[PDB]
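J.: first piece of the complex, coordinates kept as in the full assembly:
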Amino acid sequence: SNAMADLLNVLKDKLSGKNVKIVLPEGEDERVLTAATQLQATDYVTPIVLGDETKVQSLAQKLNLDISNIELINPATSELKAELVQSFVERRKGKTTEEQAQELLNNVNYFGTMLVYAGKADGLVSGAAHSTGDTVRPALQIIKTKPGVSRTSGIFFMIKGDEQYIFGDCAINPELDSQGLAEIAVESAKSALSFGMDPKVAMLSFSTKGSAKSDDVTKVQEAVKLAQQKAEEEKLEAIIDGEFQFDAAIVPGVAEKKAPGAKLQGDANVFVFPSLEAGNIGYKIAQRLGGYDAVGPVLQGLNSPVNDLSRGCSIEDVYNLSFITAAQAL
């Protein structure tokens, strides 16, 4: 099996001919620039690279890359800047002056975020470069969360051989109550659909179907009710159930004994952790002790997708995250 290639093949079938454009603000980053050349040579994702044109071209030359067919935009000299300034001023509802917007939009991450907001591109991948802060920051200001969603959350694809799961929230929210967990469950189901999965979402705990009693157990039980309510409202093509211990969620024989007649019978493929402590630890255990590759974090909940690279990313990481982001944009 080749789990990463198999995930990409599902995303490619969705993306083929859709012409999705992903902004890569960090054109002076070697990994990003090289990944842009690779994406350009597919049909699925069109990279829009930002930076100083002379510096980016010099870096390409150093790297022995032909970037002549890549769209490369320097914010300060772009014919689009004027419209993006005006839109950013309108979006900010008077919180930013025209002069401030003219200044801010010279920043590659702000400019890139505005390309997405203005419909000139579909999503954005950044974070490889030290000068990029949190990729998500301008996105929160400009793009915002989707109607009905309070906050972003972070998911990972956990992949090994022929197995592919989604785990979340593993990165973002350190304090979660029932409403927050239910939000994560619904967003994760939607993300799983974007990625071509048939979502079966287990809300995890140390209890299975009332086997323990505590405030944290009640929290997850109430989250299941709210998530099911939100899903059914929207006729989401997903099953959401809980509370389950991890084995009851993923082992049919355990489910049969501990959760008889539940909607899930040990066949979950999306796992919602009851806290960030649990999720961060749990994906790291699956990664190291299970030998699963952890692809992410992938952000969900925004009106348009943006995702954040590690400073230590590889070229392949940029390529893969660009595909994931492009799939999210559909």
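T.: Thanks, I have the structure now. Residues are numbered from 1 along each chain as shown, chains lettered A, B, ... in the order given.
J.: now the helices for chain A?
T.: A:3-15, A:30-40, A:53-62, A:81-91, A:98-104, A:108-117, A:136-142, A:178-194, A:215-233, A:246-250, A:252-258, A:276-288, A:315-329 (DSSP state H).
J.: Serialize these to CSV and add fields for distance to residue A:301 and mean neighbour count.
T.: Every residue, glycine included, has its C-beta placed from N, CA and C. Shown next, in CSV, are the helices of chain A (distance: least, CB to CB, whole Å; neighbours: other CB atoms under 10 Å):
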stretch, distance to residue A:301, mean neighbour count
helix A:3-15, 19, 16
helix A:30-40, 24, 22
helix A:53-62, 32, 15
helix A:81-91, 18, 17
helix A:98-104, 24, 15
helix A:108-117, 15, 26
helix A:136-142, 10, 20
helix A:178-194, 5, 23
helix A:215-233, 13, 18
helix A:246-250, 23, 22
helix A:252-258, 29, 16
helix A:276-288, 15, 17
helix A:315-329, 10, 23
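J.: dump those to CSV, plus distance to residue A:168.
T.: Formatted as CSV, those follow (distance: least, CB to CB, whole Å):
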stretch, distance to residue A:168
helix A:3-15, 16
helix A:30-40, 25
helix A:53-62, 35
helix A:81-91, 28
helix A:98-104, 31
helix A:108-117, 22
helix A:136-142, 15
helix A:178-194, 5
helix A:215-233, 13
helix A:246-250, 14
helix A:252-258, 21
helix A:276-288, 6
helix A:315-329, 14
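J.: and the gap between the residue lying farthest from the centre of chain A and residue A:204?
T.: If you look at how far each residue of chain A sits from its centre, by CA atoms, centre = their mean, the farthest one is residue A:257, at 35.1 Å. The gap separating residue A:257 from residue A:204 is 17 Å, by CB to CB, to the nearest Å.
J.: same check on residue A:288?
T.: Residue A:288 is 19 Å from residue A:204, by CB to CB.
J.: tell me the domain ranges of chain A?
T.: Domain segmentation of chain A under curated CATH domains yields A:1-144+A:303-330, A:145-302.
J.: endpoints of the last one, how far apart?
T.: Looking back up the chat, that one is domain A:145-302. Its start and end residues considered, domain A:145-302 measures 4 Å (CA to CA, to the nearest Å).
J.: do the same with stretch A:253-272
T.: 21 Å.
J.: and for that stretch, what's in contact with it?
T.: With CB atoms under 8 Å, 6 or more residues apart in numbering as the test, stretch A:253-272 has contacts from A:164-169, A:181, A:184-185, A:188-189, A:192, A:197-204, A:208-209, A:211, A:223, A:239-242, A:244-252, A:282.
J.: tell me the buried residues in that stretch?
T.: Of the residues in stretch A:253-272, A:254-255, A:258-259, A:262, A:264-266, A:268-272 count as buried by neighbour count, 16 or more other CB atoms under 10 Å.
J.: make TSV from those residues and add distance to residue A:81 to it.
T.: Listed next are the buried residues of stretch A:253-272 as TSV, based on distance: CB to CB, whole Å:
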residue	distance to residue A:81
A:254	58
A:255	56
A:258	59
A:259	57
A:262	55
A:264	51
A:265	56
A:266	54
A:268	47
A:269	44
A:270	41
A:271	44
A:272	42
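J.: can you pull the contacts of the residue lying closest to residue A:295 once chain neighbours are set aside?
T.: Ranked by CB to CB, 6 or more residues apart in numbering and with sequence neighbours excluded, the top spatial neighbour of residue A:295 is residue A:157, at 4.1 Å. Residues near residue A:157 by CB under 8 Å, 6+ apart: A:7, A:164-166, A:195, A:293-296, A:298, A:324.
J.: let's have those residues in TSV, adding distance to residue A:121.
T.: TSV is the format used below for these (distance: CB to CB, whole Å):
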residue	distance to residue A:121
A:7	23
A:164	28
A:165	30
A:166	25
A:195	20
A:293	28
A:294	27
A:295	22
A:296	22
A:298	18
A:324	16
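J.: here's chain B, drop it on:
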Amino acid sequence: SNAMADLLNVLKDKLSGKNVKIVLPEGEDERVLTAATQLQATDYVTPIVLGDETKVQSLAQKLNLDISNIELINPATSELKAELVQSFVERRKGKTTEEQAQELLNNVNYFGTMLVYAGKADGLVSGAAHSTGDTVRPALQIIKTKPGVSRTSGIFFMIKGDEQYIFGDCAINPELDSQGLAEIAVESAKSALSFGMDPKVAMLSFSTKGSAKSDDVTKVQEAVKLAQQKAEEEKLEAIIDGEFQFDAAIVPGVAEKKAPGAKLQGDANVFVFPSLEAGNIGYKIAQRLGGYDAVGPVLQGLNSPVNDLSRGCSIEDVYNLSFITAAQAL
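T.: One more piece, chain B, placed on the ones above:
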């Protein structure tokens, strides 16, 4: 490798000739009775089986077991009952009458617990039989936690091939603050020593050494300080450190990057989870996705050890848990 046999070999070297006696209250349980015969045929653990003598002998016959060399005690007719009644009345400080004690001590779990308290046996393993409640309940009343320990906690040996880790608290305490986590860390270190390990205890979080800020991160940071204080006080032969994400605790290269100069460098063998949600989920992930066997739960913190079997245990589980309990008694 044979991870379970290898753990038993360490425990056998400690137990050889020490004549440790483990009470098995459930002599009318097939698994327990068969395990008693197996333990009797070693030198390490002496089983003290309780029950109605005629019923236990009839069950042995049905099972084709020779139990003639096993110590078998019927509480109601035991020559020891009178002394155990008097001791139980004294231990209860007037909360139980002599008549009530005479009645209660006919119960195999109470009688067995009193054998331990009175120094007639060293530990106790129960829980296979439906009529046994929580094995620990009489223990809490009679044996109690060790001086300086508030509560029991539950650990698992996570074993695969040549790898052996301790995870806790994975079973008992649904609400833990810094003091409670520090208690678990110190008890787990002590348990690891009992089991022949050189304990390197990582206190887990979603943060590594200040990489995130939240109340839950502060909780674990403060727990590390308190645990180190308690360990150093007692010149415990253990290292306790944190806070660590799971990969920083167990992967040297991650530790070097994320926790430079920390006391642990990716070489933890004892893992203290920041909550029961995290621990219960985390061991189940290690078990199912990692293919680790999870041996437990093993209780720690009592003045004398008692441990609890699943109703669905095997014969081997009773045998193994008897060895673990006997090791704890040293």
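J.: once more on the buried residues of stretch A:253-272, with chain B this time?
T.: Neighbour counts over stretch A:253-272 (16 or more other CB atoms under 10 Å in any protein chain shown) mark A:254-255, A:258-259, A:262, A:264-266, A:268-272 as buried.
J.: can you list the residues of the stretch 51-200 of chain A near chain B?
T.: A:158, A:174-175 (CB under 8 Å from any CB of the partner chain).
J.: whichever of the residues you listed end up buried, select them in ChimeraX.
T.: The ChimeraX command for the buried members of these (criterion: 16+ other CB under 10 Å) is given here:
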select /A:158,174
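J.: and which of the residues of the stretch 51-200 of chain A next to chain B is nearest chain B?
T.: Distance to chain B across these (CB to the nearest CB) is lowest for residue A:174, with 3.9 Å.
J.: ok, the closest residue to the closest one other than its chain neighbours - how many residues close by?
T.: Nearest residue to residue A:174, sequence neighbours excluded (CB to CB, 6 or more residues apart in numbering or on different chains): residue B:214, at 3.9 Å. For residue B:214, the tally of surrounding residues (other CB atoms under 10 Å in any protein chain shown) stands at 15.
J.: now swap in the one 4 residues further on and tell me
T.: Around residue B:218 sit 14 other residues, with neighbours defined as other CB under 10 Å.
J.: check contacts around it.
T.: Taking CB atoms under 8 Å, 6 or more residues apart in numbering or on different chains, we find residue B:218 in contact with no residue.
J.: what's the answer for the one 3 residues further on, then?
T.: In this structure, residue B:221 makes contact with B:210, B:242-243, judged by CB under 8 Å, 6+ apart.
J.: with residue A:330 instead?
T.: Residue A:330 neighbours (CB under 8 Å, 6+ apart): A:14-15, A:18, A:20, A:194.
J.: go on, residue A:185?
T.: A:201, A:203, A:223-224, A:227, A:240, A:272.
J.: leaving out the residues flanking it, which one is nearest to it?
T.: residue A:227 (3.9 Å).
J.: which residue does the stretch 1-150 of chain A have closest to chain B?
T.: Distances between the stretch 1-150 of chain A and chain B by CB to the nearest CB are smallest at residue A:134, namely 13.0 Å.
J.: wait, that residue touches residue A:307, no?
T.: No. The pair residue A:134 / residue A:307 is not scored as a contact, 11.5 Å apart, by CB atoms under 8 Å.
J.: and those two? which has more neighbours close in?
T.: Using other CB under 10 Å, the more surrounded residue of residue A:134 and residue A:307 is residue A:307, with 25 against 12.
J.: quick one: stretch A:213-226 to chain centroid distance?
T.: 26 Å (CA atoms, centre = their mean, to the nearest Å).
J.: repeat that for stretch A:249-259.
T.: Computed by CA atoms, centre = their mean, the chain-centroid distance of stretch A:249-259 equals 30 Å.
J.: that stretch and chain B in contact?
T.: Yes. Using CB under 8 Å from any CB, we find that stretch A:249-259 touches chain B at A:250-251.
J.: so residue A:273 touches residue A:169, yeah?
T.: Yes. Look at residue A:273 against residue A:169 with CB under 8 Å: they come within range, at 6.7 Å.
J.: now do the shared contacts for these two.
T.: Common neighbours of residue A:273 and residue A:169 (CB under 8 Å, 6+ apart) are residue A:279.
J.: ok, these two, which is more surrounded?
T.: Each of residue A:273 and residue A:169 had its neighbours counted (other CB under 10 Å), and the higher figure belongs to residue A:169 (31 against 27).
J.: distance of that one from residue B:215?
T.: 17 Å.
J.: and if you look at residue A:299?
T.: 23 Å.
J.: tell me if stretch A:281-297 is near chain B.
T.: Yes. Stretch A:281-297 is in contact with chain B by CB under 8 Å from any CB, via A:281-282, A:284-292.
J.: rewinding a little: got any residues that touch both of residue A:134 and residue A:307?
T.: Joint contacts of residue A:134 and residue A:307 (CB under 8 Å, 6+ apart) are residue A:127.
J.: please name the nearest non-neighbouring residue to residue A:211.
T.: That would be residue A:258: by CB to CB, 6+ apart, it lies 6.8 Å from residue A:211.
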